[PDB]
Structure formats: C-alpha cells, structure tokens
Amino acid sequence: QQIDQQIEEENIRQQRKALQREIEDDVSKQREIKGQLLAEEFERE
Amino acid sequence: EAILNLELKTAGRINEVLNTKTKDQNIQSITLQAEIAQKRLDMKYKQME
C-alpha cells in the first residue's frame, strides 16, 4: 500500500497547467483589445 | 537520486512556466507600446488628412 500510494501521491501531483493556458488567453484578450483601441483612436479622431 | 530528480523536475517545470508568463507579459509590454507608436500614425493621420 505504501508503494501504491507513493505512486498515487505523484498521480495527484500530476489543473494548474490548464489554468496557465487560461492565463495566456487572458493576455490575448487584452493585448488584442489595446491594439483594437488604437485603431479606434483613429476612428474616434 | 530519483527523489532528487522529482524536486528538480518540479524546478524545471516552474522555470518553464516562469518564462512563459514573464515573456508573455514582457513581449506584450513593448508590443502595446509599439501599438501606441502605431496609434501615432493613425491617430494623427485622421486629422492630418
């Protein structure tokens, strides 16, 4: 059982990664929007 | 030895992630400043015209 559970302890250490991807998405949003906004600056002028 | 490579697998993973998030944001910095430079064109050109 201890061997079985050292393995499971690592299986559990194996969601943070999916969130890291999600964090890259959060950047993409805002990055695109600021450039959207400079395009709007010309429109707004 | 196998235990120590667990810890330094983790260190590896962390460093991969740190550069991922650091450079994402540092590339965005500068990129959006470049967008401001781009803004100078388009912004002033509306009235320049």
# chains A, B, ... in the order shown; residues from 1 in each chain; ligands from 1
$ residues_around --residues "region 5-13 of chain B" --least-positions-apart "2" --cutoff "12 Å" --atoms "only C-alpha atoms" --output "PyMOL selection string"
(chain A and resi 10+13-14+16-17+20) or (chain B and resi 1-3+15-20)
$ interface_residues --of "chain A" --to "chain B" --cutoff "10 Å" --atoms "only C-alpha atoms" --output "PyMOL selection string"
chain A and resi 10+17+20-21+23-24+27-28+30-45
$ atom_distance --atom1 "CA of residue 18 (chain A)" --atom2 "CA of residue 3 (chain A)"
28.4 Å
$ atom_distance --atom1 "CA of residue 26 (chain B)" --atom2 "CA of residue 15 (chain A)"
24.5 Å
